[PDB]
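>>> A structural model of the following input is requested.
(one chain, ligands or ions: 1)
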Amino acid sequence: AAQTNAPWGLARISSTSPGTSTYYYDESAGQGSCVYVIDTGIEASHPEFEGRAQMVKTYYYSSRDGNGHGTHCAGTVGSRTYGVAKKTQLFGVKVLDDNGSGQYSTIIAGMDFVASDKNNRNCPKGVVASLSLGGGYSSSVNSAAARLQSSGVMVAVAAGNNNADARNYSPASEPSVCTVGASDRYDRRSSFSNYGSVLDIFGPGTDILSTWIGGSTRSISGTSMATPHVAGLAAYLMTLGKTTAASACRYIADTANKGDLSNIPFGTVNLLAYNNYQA
Ligand SMILES: [Ca+2]
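Residues are numbered from 1 along each chain as shown. Structure as follows:
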């Protein structure tokens with residue numbers, strides 16, 4: 001399949017080179033996989049989701065995304081126009097309030113929720129979780145992310161936006177999950193992206209067009225935007241049978257575009273997520 005005039009980040013993850021605008025992908029498009037978006041919620045009624053999104057848990061008075069951030073992330077995972085895995089099922093877990101923040105105890109509960117809830121969902125091709133959130137180092141937050149990954153979910157987490165070593169942030173610093181840094185359309189490390197030996201992979205994170213609340217769209221930036229590119233890529237690859245939840249981060253790193261990014265500090269991987277689709 002080919003989607004012309006796609007958001008630059010979609011075009012980038014199916015290209016060996018920057019500067020193109022068509023997204024190429026196998027038409028299976030993540031069908032039969034599931035991605036949990038653990039964030040501010042998802043505006044499921046948005047037509048861009050085509051009935052494939054649903055809120056499954058909230059820790060607040062409503063399951064509505066009153067912020068937009070979670071809807072944007074979900075759109076990069078799996079919206080029809082802005083998504084990597086255009087046929088995946090999307091499940092929203094609202095651990096962040098409408099101001100975009102959440103207590104670590106609530107975030108931990110939401111991770112353990114996903115580890116159990118996947119047993120209530122039909123995901124024959126596999127399960128992914130996208131965590132575009134984080135704060136300072138917490139062993140409890142890291143151990144929750146480790147449990148989620150151990151349970152058989154491909155966990156993708158944002159590296160953080162501190163232009164610092166991700167070792168000091170959670171869940172970014174949990175070794176066993178897939179920690180995602182951000183790049184821009186000219187293949188630079190995004191100025192704000194964290195780095196360090198705990199990163200597994202980079203994805204597009206600067207000026208990312210996706211869905212927003214009120215049935216809308218907008219472009220925003222962050223490692224929060226890079227993470228769902230990787231989560232959607234994992235779902236896509238698991239539907240194709242190329243990898244599994246336990247192995248997907250390594251598979252993505254093995255098949256990434258290697259050595260092509262700029263402003264990568266010494267000791268940080270120079271790997272950019274790539275779907276290696278050949279039509
Ligand atoms: Ca890792």
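
>>> right, and residue 149 touches residue 155 too?
Yes. Taking Cβ atoms under 8 Å as the definition, residue 149 is a contact partner of residue 155 at 4.4 Å. Heads up, the C-betas are built off the backbone N, CA and C, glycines and all.

>>> which of the two has more neighbours?
residue 155 (33 against 25; other Cβ atoms under 10 Å).

>>> Confirm that one sits in a strand?
Yes. Assessed by DSSP: H, G, I helix; E, B strand; the rest coil, residue 155 belongs to a strand.

>>> Report the contact partners of it.
Neighbouring residues of residue 155 by Cβ atoms under 8 Å, 6 or more residues apart in numbering: 128-129, 131, 145, 148-149, 171, 176-178.

>>> which other residues reach the helix or strand hosting residue 55?
Here residue 55, judged by DSSP states H and E, is contained in strand 53-58. For strand 53-58, the surrounding residues in contact (Cβ under 8 Å, 6+ apart) are 36, 41-42, 44, 46, 63, 74, 78, 89-94, 110, 113, 117.

>>> For the residue lying closest to residue 112 once chain neighbours are set aside, what is the enclosing helix or strand?
Spatial nearest neighbour of residue 112, excluding adjacent residues (Cβ to Cβ, 6 or more residues apart in numbering): residue 144 at 6.2 Å. Per DSSP H and E: residue 144 is located in helix 139-150.

>>> Give the buried residues for that helix.
141-149 (16 or more other Cβ atoms under 10 Å).

>>> Mind picking the two most distant members of the residues you listed?
Largest separation among the buried residues of helix 139-150 by Cβ to Cβ: 141 and 149, giving 13.1 Å.

>>> and for residue 149 and residue 155, which residues touch both?
176-177.

>>> right, and residue 160 touches residue 171 too?
No. Applying Cβ under 8 Å as the test, residue 160 and residue 171 come out as separate, 9.8 Å apart.

>>> shared neighbours, these two?
residue 134.

>>> ranges for the strands of the stretch 101-250 of the chain?
126-131, 135-136, 153-158, 169-170, 178-183, 201-204, 208-212, 216-220 (DSSP state E, counting those that start in this stretch).

>>> Now tabulate these in a markdown table and tack on distance to residue 55.
As requested, the strands of the stretch 101-250 of the chain are arranged in a markdown table below (distance: least, Cβ to Cβ, whole Å):
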| stretch | distance to residue 55 |
| --- | --- |
| strand 126-131 | 15 |
| strand 135-136 | 23 |
| strand 153-158 | 18 |
| strand 169-170 | 25 |
| strand 178-183 | 24 |
| strand 201-204 | 25 |
| strand 208-212 | 15 |
| strand 216-220 | 18 |
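
>>> Appreciated, that's everything.
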